């Protein structure tokens, strides 16, 4: 009767960029559980000895299509947590490979799908470094990448417009030694981007610029009924994560959690098929 479909995202980036805060905002679709982060750092050892404790899950039903979506977002430690950046890269690459070997062993015997479909690559504000592009390239060889600039409240409007173009340009032309193929960026359809409320910039395929917060408005949480409004309250003013003029966060969630569900699931068999030559 019901058909179950599975999406698994993995989130990667440098340490302290707000990866875990962003994850908790993404899976906290209104109507669901409202999950929040406490600001502590994601330890490398925890990902090694208990990666499931770093996985967030949400599920919902599509009545008309008779589909049960099971959505997982895998958190990872920042690749600045240790001395060697490429140890983190290998750890994440091995995680993706391990999920494929799980699916193969289950398919051999025979269906809870553990495979990774998409990577959210969190980019620091103001400056994109060669190691970020190197990480993005090598990771893209295993899974398509969605670039997201976090902590967008770090940049003025003018800085943000300049950086959005620079990030898009560097991804198309990294100019990093050893990168000789294109970075595997996931291409969303325009109809999908428009339905999600993505603004149509002059720069093609820009990154998303998000603000996320584990703090909520005290005034709005005291409403009847309470309204949950993530905010970042500074002495000079308050940035709002759900404000379309401050943050792409709501557009990112609509894109990844709703509008792009089909085209992410479609490319699943092709990706795994290419992987099988191993």
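Numbering follows the first chain given and starts at 1.
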Per the record, the count of deposited residues between residue 187 and residue 188 that have no coordinates is none
As the entry reports it, the stretch among 239-247 and 29-37 with higher mean C-alpha B factor is 29-37
Where do the C-alpha atoms have the higher mean temperature factor in this entry, in 198-206 or in 115-123? 198-206
Which of these, 138, 159, 82, 132, has its C-alpha atom at the highest B-factor, as the entry lists it? 82
Among 180, 142, 90, 110, the highest C-alpha B-factor in the PDB entry belongs to 110
Split the chain's modelled residues into thirds by Cα B-factor; residue 19 lands in the lowest
Residue 94: CA temperature factor from the record, placed by chain third, in the middle
Can you tell me which third, lowest, middle or highest, the CA B-factor of residue 234 falls into for its chain? lowest
On the chain's distribution of Cα B-factors, residue 106 falls within the third called highest
Compared with the other modelled residues in the chain, in which third is the CA B-factor of residue 223? highest
